[PDB]
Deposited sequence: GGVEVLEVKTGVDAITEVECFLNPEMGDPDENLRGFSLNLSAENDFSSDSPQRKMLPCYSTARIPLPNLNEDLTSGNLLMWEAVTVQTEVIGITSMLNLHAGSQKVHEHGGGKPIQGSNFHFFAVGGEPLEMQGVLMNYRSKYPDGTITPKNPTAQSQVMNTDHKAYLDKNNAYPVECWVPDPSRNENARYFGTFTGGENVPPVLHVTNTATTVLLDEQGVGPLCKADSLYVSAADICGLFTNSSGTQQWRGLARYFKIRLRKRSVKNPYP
């Protein structure tokens, strides 16, 4: 529909990570990782699989102000609790005899989105013959083509802690009413590098000065913040994730 003239409120929210949480005391961690399954019998357990975080954020009803819609203009966001990884005394395997614990390191994924509706996602699989567990939503009727680009695998990030990170990326051919940003760093011993500052703002307005338009007086925040692998004294490995903070500035926009 036709976007018209601008006619200014802040929302803030703290999205928890969904790393698998194998029992209550391991909130923020996945189950121990399995290794060396044949592509032809790869059946990962639910609690081993990090999933995308999402929340529907209700916004003030605009009935007392064609229509009006909230417009997202800017967001400030950071990963919460980065210094917790300076605890090298709890749970982690010694680097060597008499040494402290092994830092969280290895492959990591840091990702956020702000939109006027659920994030649109595309499925890609490492191994199309993976049997995903109950409580996950993964590409339906995958083929070999699902290990590169198969355009049947389209979804909405419409449920929290359901869509595994290894199965889904944001869809660049859609997401007209959202902005998203992500960096993947892969490797056995990659160091995590995380920055905090209250002086960083991201602008959400497009080439024509229009931010995401909030449908049904709601916005969707999305995140995945896999910080790396935690190595237990036994040699077992677990994903560790951290919460993400969002502060979103919005203004009223007339539409038709």
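Residues 1-2, 10-14, 73-76, 268-271 of the deposited sequence have no C-alpha coordinates in the structure.
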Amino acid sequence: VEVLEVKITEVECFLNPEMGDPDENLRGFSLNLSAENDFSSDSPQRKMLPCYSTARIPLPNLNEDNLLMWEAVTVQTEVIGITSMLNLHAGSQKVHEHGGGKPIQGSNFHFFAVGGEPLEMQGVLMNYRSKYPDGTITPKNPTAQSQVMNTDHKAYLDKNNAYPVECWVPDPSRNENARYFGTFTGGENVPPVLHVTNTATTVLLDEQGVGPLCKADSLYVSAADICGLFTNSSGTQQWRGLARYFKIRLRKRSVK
From here on, numbers count along this sequence of modelled residues.
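Two stretches are in play, 193-201 and 55-63, and the higher mean C-alpha B-factor belongs to 55-63. Across the options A144, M126, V114, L88, the residue with the most elevated CA B-factor in the record is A144. Placement of the Cα temperature factor of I248 within the chain: middle third of the modelled residues, per the deposited record.
In the PDB entry, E166 places in the lowest third of its chain by CA B-factor. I82: CA B factor lies in the lowest third for its chain, per the PDB record. Sort the modelled residues of the chain by CA B factor and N160 lands in the highest third. When the modelled residues of the chain are ordered by C-alpha B-factor, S34 sits in the middle third.
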